[PDB]
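Here the structure comes first, spelled out in structure tokens, and everything after it is commentary.
Scope of the values below: all heavy atoms of this structure, side chains included, with no hydrogens, waters or symmetry mates. We name chains A, B, ... by the order of the sequence lines, and we start the count at 1 in each one.
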Amino acid sequence: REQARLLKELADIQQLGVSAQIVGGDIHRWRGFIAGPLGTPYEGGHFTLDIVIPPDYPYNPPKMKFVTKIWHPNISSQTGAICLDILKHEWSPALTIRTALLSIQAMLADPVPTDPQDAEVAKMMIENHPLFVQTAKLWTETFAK
Amino acid sequence: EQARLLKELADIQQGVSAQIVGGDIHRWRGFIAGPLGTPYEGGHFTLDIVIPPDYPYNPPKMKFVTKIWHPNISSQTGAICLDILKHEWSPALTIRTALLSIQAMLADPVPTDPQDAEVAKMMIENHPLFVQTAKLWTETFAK
């Protein structure tokens, strides 16, 4: 019943940007894939996420982090860690892993210096925004391509 | 706040639909087609939608205006009790997804946790009477 939900999520993700695979035969461990949105420094990039689905999913949210190196104020440049409202206080069992991936993809299209996971990336984006964009595009070409 | 509702309303209009009732953008009329292969097939159901001051943090309130015979909807008042509109609400959901969820509930009634005891009793003990009745009410109120 827990497995049935996770399998159908996987199927709908494929039937529908974003995608996902299970890892090592475990339906509680997935890899997410997200395309850099068009008109961002991430355009043309392909970003891999690690997805740990907790035992009491869907009541508890999945844990997601970037595996692919990315330069973004809301993603740790060092560890890939993120802090998304939808994976936190805005989570509900009515949502899906897909809506989380889409929401991460939207976050790539709308960087927020103001409330950041990476201090240094945020610092640069304030001091020198055109450099931030140059860095993000080079990181995309280098690590996501 | 207004911009969120105006965007949701547009997207909905661009199955299920809604429209503003008069001039209050916090009050909508919702519309749901009865699903195929169910007693509600061919029906058009109207809902009342009250969007509270503090939406999207507080869920919409919804009830059926159209009379309907369904164990999870009051036959008398049209009251519903949908998880998505309660403990499963999130600002990341939309009014459209609540409409879609209510539509799903039409395709899959749950007599074992009911909103109408009289309807759930009939569904349990006299299922063909339930289907017959639910279809008669679709024909009477929803067509």
Side-chain angles (χ1 to χ4, degrees), chain A residues 2-13 15-16 58 92-96 98-99, chain B residues 8-9 11-19 21 28-50 59-89 93-143:
Chain A
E2 303 177 315
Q3 272 129 18
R5 182 180 163 137
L6 281 176
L7 284 162
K8 171 139 189 306
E9 286 202 46
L10 201 47
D12 300 341
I13 287 164
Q15 156 225 300
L16 269 328
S92 154
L95 296 156
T96 63
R98 194 162 190 269
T99 66
Chain B
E8 291 200 35
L9 190 58
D11 303 351
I12 278 190
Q13 290 160 5
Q14 313 301 100
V16 304
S17 208
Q19 176 72 98
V21 161
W28 305 3
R29 165 108 43 208
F31 301 107
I32 291 172
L36 296 170
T38 71
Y40 316 104
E41 199 182 336
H44 298 106
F45 308 91
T46 295
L47 303 250
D48 188 28
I49 306 175
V50 177
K61 301 182 336 206
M62 305 190 178
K63 70 193 257 87
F64 272 72
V65 176
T66 314
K67 297 286 255 44
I68 184 168
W69 191 258
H70 187 292
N72 309 115
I73 306 155
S74 170
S75 49
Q76 292 267 267
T77 64
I80 58 162
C81 181
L82 208 60
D83 288 347
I84 201 163
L85 293 176
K86 298 179 178 189
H87 53 283
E88 294 181 5
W89 178 252
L93 301 162
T94 58
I95 291 167
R96 186 170 187 268
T97 71
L99 293 174
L100 292 181
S101 181
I102 290 165
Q103 187 185 42
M105 202 203 74
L106 257 31
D108 192 67
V110 167
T112 54
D113 183 23
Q115 180 79 9
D116 200 297
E118 171 178 357
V119 184
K121 215 191 179 305
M122 192 189 286
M123 191 172 185
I124 290 162
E125 300 174 6
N126 198 346
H127 177 94
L129 192 50
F130 164 80
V131 171
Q132 183 171 266
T133 306
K135 174 177 151 177
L136 166 61
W137 286 46
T138 295
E139 269 148 23
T140 305
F141 298 112
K143 318 212 198 175

ask   = Going by the side-chain hydrogen bond (donor to acceptor under 3.5 Å, both in side chains) test, which pairs reach into residues 95-107 of chain B, not counting sequence neighbours?
value = none
request  = May I ask you to decide if B/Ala18's main-chain N or O and B/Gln13's side chain share a donor-acceptor pair within less than 3.5 Å?
outcome  = yes
task = Decide yes or no for B/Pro71 and B/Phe130: does some side-chain heavy atom of the first lie under 4.5 Å from some side-chain heavy atom of the second?
result = yes
ask   = Any donor and acceptor pair, going by atom type alone, linking the side chain of A/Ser92 with main-chain N or O of B/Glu88 inside 3.5 Å?
value = yes
message = Within the 4.5 Å heavy-atom criterion, are B/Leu9 and B/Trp28 side-chain neighbours or not?
response = yes
message = Is there a side-chain contact between B/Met62 and B/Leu85 in this structure, where contact means two heavy atoms from C-beta onward sitting under 4.5 Å apart?
response = yes
Test item: A/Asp12 and A/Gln15 side chains (from C-beta on) under 4.5 Å apart, heavy atoms = yes
inquiry  = Per the salt bridge (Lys or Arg N to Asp or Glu O under 4.0 Å) rule, what does the pair list look like for residues 62-73 of chain B, sequence neighbours excluded?
reply    = none
task = Among residues two or more places apart or on two chains, list those pairs meeting salt bridge (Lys or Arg N to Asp or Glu O under 4.0 Å) that have a residue in residues 120-132 of chain B.
result = B/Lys121-B/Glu125
task = Would you give the length of the straight line joining atom CG of B/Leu47 to atom NZ of B/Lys61, rounded to the nearest 0.5 angstrom?
result = 13.5 Å
Any B/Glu118 side-chain heavy atom under 4.5 Å of B/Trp69 side chain = yes
query = Does the side chain of B/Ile68 reach to within under 4.5 Å of the side chain of B/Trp137, using non-hydrogen atoms?
reply = no
ask   = Distance from B/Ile124 atom CD1 to B/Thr112 atom OG1, nearest 0.5 Å?
value = 7.0 Å
ask   = Between B/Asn72 (side chain) and B/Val110 (backbone), is there a donor-acceptor pair under 3.5 Å?
value = yes
task = Would you check if the distance from the ring center of B/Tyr40 to the ring center of B/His70 is below 6.0 Å?
result = yes
inquiry  = Are there over 12 heavy-atom neighbours, none belonging to B/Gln132, within less than 6.0 Å of that residue's CD?
reply    = no
key: pair B/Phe64-B/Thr46: side-chain heavy atoms closer than 4.5 Å   = no
request  = Looking only at non-hydrogen atoms, find the nearest pair between B/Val16 and B/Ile32 and report the distance.
outcome  = CG1-CG1, 4.0 Å
inquiry  = A side-chain contact here means heavy atoms from C-beta on lying under 4.5 Å apart; do B/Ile12 and B/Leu99 qualify?
reply    = yes
remark   = Distance col, row B/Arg29:CZ vs B/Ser17:OG, nearest 0.5 angstrom, shows 13.0 Å
key: B/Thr38 side chain to B/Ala107 backbone, donor-acceptor under 3.5 Å   = no
task = To the nearest 0.5 angstrom, please state how far the CG atom of B/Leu100 sits from the CD1 atom of B/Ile95.
result = 12.0 Å
query = In Å, rounded to the nearest 0.5 Å, how long is the span from CD of B/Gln76 to CD of B/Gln115?
reply = 12.5 Å
message = Could you measure the distance from the CD atom of A/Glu9 to the OG1 atom of A/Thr96? Nearest 0.5 Å is fine.
response = 5.0 Å
